[PDB]
Asker: 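Here's a structure for you.
The figures that follow rest on heavy atoms only: side chains count, while hydrogens, waters and symmetry mates do not. We count residues from 1, following the sequence as given.
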Amino acid sequence: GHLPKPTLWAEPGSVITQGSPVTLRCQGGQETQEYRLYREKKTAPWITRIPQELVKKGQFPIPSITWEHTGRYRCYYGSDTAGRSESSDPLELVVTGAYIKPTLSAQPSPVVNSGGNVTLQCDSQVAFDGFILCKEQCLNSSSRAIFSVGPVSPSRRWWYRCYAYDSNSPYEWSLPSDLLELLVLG
């Protein structure tokens, strides 16, 4: 048989502010209907609540996301009996807004030359053991983290936001830092 691995994504995205809606989506074959979504390590009861009418379209909506929804998800279609596809690449569903927002700055500055590298610093008013830098994807880093980005170029937009988080609950992030725009001389 041949049941290609499905694509899994979230709308509007995988990083959602607490209380906002998000819909996880799975795309298998053109006629696929037997979609299955699941969370790694801990079962997600909210999935069992999804109407079959939506499941068949690969739609798994969360009207108002909460801390309980966060986690690593994967989807596949079919069954052991009828035959199933491999599981999709993982999607890390994260909720933001759990902590005060950090500040993001560029060193030496936000204005750099094409081809140059810049250091981005995420500073928090209090201690956190983890920081995230997302390009508006994201990457992981006692109240500040340093990230290196580049080579930068004028042909692309360089917008960033950073977050602070606690390693004991890695899928819940702080409020996002203000957006930082790098200006590339070019």
Asker: Pairing donors with acceptors under 3.5 angstrom, does anything connect the side chains of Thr70 and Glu172?
Answerer: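 Yes, side-chain donor-acceptor contact under 3.5 Å.
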Asker: Which heavy atom of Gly115 sits nearest to which heavy atom of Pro151, and what is that distance?
Answerer: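 Looks like O-CB, 3.6 Å.
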Asker: Hydrophobic clusters here meaning ILVMFWY residues chained together by side-chain heavy-atom distances under 4.5 Å, can you tell me if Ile132 and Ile16 are in one?
Answerer: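 Hydrophobic grouping puts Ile132 apart from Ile16.
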Asker: Is there a side-chain contact between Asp166 and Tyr99 in this structure, where contact means two heavy atoms from C-beta onward sitting under 4.5 Å apart?
Answerer: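 Heavy-atom side-chain distance check passes, below 4.5 Å.
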Asker: Between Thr103, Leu120, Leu133, which is the residue that forms a side-chain contact (heavy atoms from CB on, under 4.5 Å) with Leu180?
Answerer: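 Running side-chain contact (heavy atoms from CB on, under 4.5 Å) over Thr103, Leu120, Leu133 with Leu180 returns exactly one hit, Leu120.
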Asker: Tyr35 vs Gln27, test: side chain to side chain contact (heavy atoms under 4.5 Å, CB included). Steps then yes/no.
Answerer: CA-CA 9 Å; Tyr35 290 104; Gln27 170 66 252; 4.1 Å; yes
Asker: Name the orientation class of the two ring planes belonging to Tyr163 and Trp173 (parallel below 30°, tilted from 30 to 60°, perpendicular beyond 60°).
Answerer: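 The rings of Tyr163 and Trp173 sit tilted, inter-plane angle from 30° to 60°.
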Asker: Is the shortest side-chain heavy-atom distance between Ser143 and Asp123 below 4.5 Å?
Answerer: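 In contact.
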Asker: Would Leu37 end up clustered with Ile50 when hydrophobic side chains under 4.5 Å apart are linked, directly or stepwise?
Answerer: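 Per the 4.5 Å side-chain linkage, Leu37 and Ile50 are co-clustered.
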Asker: With sequence neighbours excluded, tell me which residues meet salt bridge (charged side-chain N to carboxylate O under 4.0 Å, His left out) with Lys5.
Answerer: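 Counting only residues at least two positions away or on another chain, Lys5 forms a salt bridge (charged side-chain N to carboxylate O under 4.0 Å, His left out) with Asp89.
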Asker: Evaluate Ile47 against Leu24 for side chain to side chain contact (heavy atoms under 4.5 Å, CB included), listing each step before the verdict.
Answerer: CA-CA 10 Å; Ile47 297 174; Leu24 292 199; over 6 Å; no
Asker: Between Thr81 and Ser79, do the side chains contain a donor N or O and an acceptor N or O under 3.5 Å apart?
Answerer: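 On atom types as modelled, these side chains do not qualify, holding no pair under 3.5 Å.
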Asker: What pairs of residues pass the disulfide (SG to SG under 2.5 Å) test when at least one of them lies in residues 137-186, not counting sequence neighbours?
Answerer: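 Qualifying pairs, neighbours excluded: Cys122-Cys162, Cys134-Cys138.
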Asker: According to a 4.5 Å side-chain heavy-atom criterion applied to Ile, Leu, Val, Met, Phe, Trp and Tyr, with indirect links allowed, do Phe147 and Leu183 form part of one hydrophobic cluster?
Answerer: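 No; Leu183 is not reachable from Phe147 via cluster members.
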Asker: What is the minimum heavy-atom distance between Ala106 and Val118, and which atoms define it?
Answerer: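 Scanning both residues completely, I find the closest heavy atoms to be CB-CG2, 3.9 Å.
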Asker: Please tell me if the side chains of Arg72 and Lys41 come closer than 4.5 Å, counting only heavy atoms from C-beta onward.
Answerer: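 No, their side chains stay 4.5 Å or more apart.
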Asker: Just by modelled atom types, is the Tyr76 backbone N or O under 3.5 Å from a matching donor or acceptor in the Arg36 side chain?
Answerer: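 Between the backbone of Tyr76 and the side chain of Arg36 there is no qualifying donor-acceptor contact (under 3.5 Å).
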Asker: Just so I know, are the side chains of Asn117 and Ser148 near enough to count as touching, which here means a heavy-atom distance under 4.5 Å?
Answerer: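 With C-beta onward as the side chain, the pair touches.
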Asker: Tell me, do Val95 and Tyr171 make a side-chain contact under 4.5 Å, heavy atoms counted?
Answerer: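 When only atoms from C-beta onward are counted, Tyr171 and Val95 do not touch, as no gap falls below 4.5 Å.
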Asker: Minimum heavy-atom separation for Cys26 and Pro6, please, with both atom names.
Answerer: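 Of all heavy-atom pairs spanning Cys26 and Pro6, the closest is SG-CB, 3.6 Å.
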Asker: Does the plane of the ring in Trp158 sit parallel, tilted or perpendicular to the ring in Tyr160? Use 30° and 60° as the thresholds.
Answerer: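 Rings of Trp158 and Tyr160: parallel, as their planes differ by under 30°.
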Asker: Within the 4.5 Å heavy-atom criterion, are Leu54 and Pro61 side-chain neighbours or not?
Answerer: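 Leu54 vs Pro61: side chains touch.
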Asker: With a 4.5 Å cut-off on side-chain heavy atoms, are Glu40 and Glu92 touching?
Answerer: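 A side-chain contact under 4.5 Å is absent here.
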Asker: Give the cluster check for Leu93 versus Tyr38: same hydrophobic cluster or not, with ILVMFWY residues linked at side-chain heavy-atom distances below 4.5 Å.
Answerer: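 No; tracing contacts between hydrophobic side chains, which count when under 4.5 Å, never links both residues.
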Asker: With clusters defined by side-chain heavy atoms of hydrophobic residues (ILVMFWY) lying less than 4.5 Å apart, directly or transitively, does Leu104 cluster with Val126?
Answerer: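 Yes, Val126 connects to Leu104 through the hydrophobic network.
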Asker: Does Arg161 pair with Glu136 as a salt bridge, N-O distance under 4.0 Å?
Answerer: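 Judged by the 4.0 Å cut-off on N to carboxylate O distance, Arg161 and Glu136 do not form a salt bridge.
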